[PDB]
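Trainee:
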Amino acid sequence: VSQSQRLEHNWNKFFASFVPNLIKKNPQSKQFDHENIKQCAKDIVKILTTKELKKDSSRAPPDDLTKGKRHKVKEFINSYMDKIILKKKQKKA
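In short: position in the sequence shown from 1, add 621, done, that's the authors' numbering.
In structure tokens, the structure reads:
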């Protein structure tokens, strides 16, 4: 069956609602290199659902960014971005 795999598609829709417009031109993107941004956007969409669906495999994607979830995705994405910047800066230290 693997209903959760289909849920990723729906989950993607939810994350795609805010993830792109948050990064595309924010304090993040002005520091975010191009490949960083493309990777962050697509991977935060999948990885967040994959991981939280790994928490709860029947976790249906919430409609939109509720205050609680919004706070969490912002903290997640912040550390995510830090992860890419720190790695690339390490090459140009």
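The beta carbon of each residue, even a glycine, is placed where N, CA and C say it ideally should be.
Taking 8 Å as the threshold, find out whether the region 657–666 comes into contact with the region 677–685 through three or more Cβ pairs.
Mentor: Taking one beta carbon from each stretch, the region 657–666 and the region 677–685 have fewer than 3 pairs nearer than 8 Å; the two do not touch.
Trainee: Measuring CB to CB, does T670 end up less than 8 Å from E629?
Mentor: Contact: yes.
Trainee: Measuring CB to CB, does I668 end up less than 8 Å from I658?
Mentor: no
Trainee: If I measure Cβ to Cβ from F653 and keep anything under 8 Å in the same chain, skipping five residues before and after, which residues do I get?
Mentor: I644, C661, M702, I705, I706
Trainee: Could you tell me which of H655, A681, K708, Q649 sits nearest to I698, measuring between CA atoms?
Mentor: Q649
Trainee: For the alpha helix (DSSP H) holding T670, just list the boundary residues, first then last.
Mentor: Here the alpha helix (DSSP H) through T670 covers 655–676.
Trainee: With DSSP as the reference, label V622 as helix, strand or coil.
Mentor: coil
Trainee: Around the C-beta of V622, are 16 or more other C-beta atoms found within 10 angstroms, so that it is buried, or is it exposed?
Mentor: Exposed: under 16 other Cβ atoms inside 10 Å.
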